[PDB]
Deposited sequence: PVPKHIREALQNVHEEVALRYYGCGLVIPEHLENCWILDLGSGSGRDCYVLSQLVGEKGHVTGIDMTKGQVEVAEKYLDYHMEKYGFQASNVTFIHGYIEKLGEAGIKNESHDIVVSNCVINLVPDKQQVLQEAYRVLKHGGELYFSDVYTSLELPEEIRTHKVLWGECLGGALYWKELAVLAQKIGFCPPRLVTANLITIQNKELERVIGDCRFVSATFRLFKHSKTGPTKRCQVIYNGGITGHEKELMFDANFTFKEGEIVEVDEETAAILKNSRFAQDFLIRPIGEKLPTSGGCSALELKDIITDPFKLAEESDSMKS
């Protein structure tokens, strides 16, 4: 259920901007205030104008789109939305750039707390290069938070190069076990699976070509942090004050943290909570795991 403050931030984008929106919906994590957020694939501007309010004036939203005309349209509405939001200065910059070349875009290393994306981004050929660029621009303790399509089996290249597959936007889908490998080699913590929904294939020829392989739309959090010291298992208590998730914080599909409850967490979950922006939101004292997005999706 879309928390109210997000619903209302949506209602407050200029209707022209919202009219021009191509996408799958906001894929957006929790606790956004004061953050620097990079929006991969900013399009005509809607998500960034949502985030502008959600991070407030101490925060910043950078949007990057490969289409100069989109960037021009988005920038048309900067002053409108900065006025409507009562902001003395703009907290949103739009860049024309290619997402696998964030450096050429001008985005510095460790400059953003969070990276989110429009689902058009799942239609690169090269996912690894995107993850490397996201990792480079992410601050310590920041997260890549994003939805994409994965496959149940490792498809042969000849099937991934197939015109039918690319016709259904299932081009570039990773075998799901591949995501963790990429994170391991790039420097991310293991992917936190949050949610997963099976994709039904209406296409008859595609039904033939893929075989027993299935497809899933799934959301993962990828955290960037460093091991400054030994970590023990820890207990955490959610203090209950993240906007729109006061009562409980569904962090991933293994951990829902209900306000005030004492939860024991593994070394990595604890490192993530300690090193991220969530640390302000938990009391952390020292002293059945789903990963497979198809089992997750099957169990609804």
property	result
Gaps in the model, given as deposited-sequence positions counted from residue 1	288-303, 317-321
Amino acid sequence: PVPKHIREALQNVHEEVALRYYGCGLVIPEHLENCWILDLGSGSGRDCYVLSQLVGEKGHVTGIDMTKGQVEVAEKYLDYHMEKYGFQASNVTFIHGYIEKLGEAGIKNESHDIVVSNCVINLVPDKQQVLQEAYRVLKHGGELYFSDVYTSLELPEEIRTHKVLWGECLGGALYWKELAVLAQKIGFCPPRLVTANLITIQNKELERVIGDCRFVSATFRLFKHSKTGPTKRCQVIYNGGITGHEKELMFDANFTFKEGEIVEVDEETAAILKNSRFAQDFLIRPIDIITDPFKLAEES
From here on, numbers count along this sequence of modelled residues.
query	finding
Stretch exceeding the other in mean C-alpha B-factor - 160-168, 196-204	160-168
228-236 or 66-74, whichever carries the higher mean Cα B-factor	228-236
Top Cα B factor in the deposited entry, candidates 271, 54, 265, 61	265
Identity of residue with top Cα B-factor, from 152, 184, 122, 129	122
Within-chain third of residue 279 by Cα B-factor, per the entry	highest
Residue 85 - which third its CA temperature factor falls in, relative to the rest of the chain	highest
Position of residue 189 among the chain's modelled residues by C-alpha B-factor, lowest, middle or highest third	lowest
Entry-reported Cα temperature factor of residue 11, expressed as the chain third it lands in	highest
For residue 211, the third of its chain into which the C-alpha B factor falls	highest
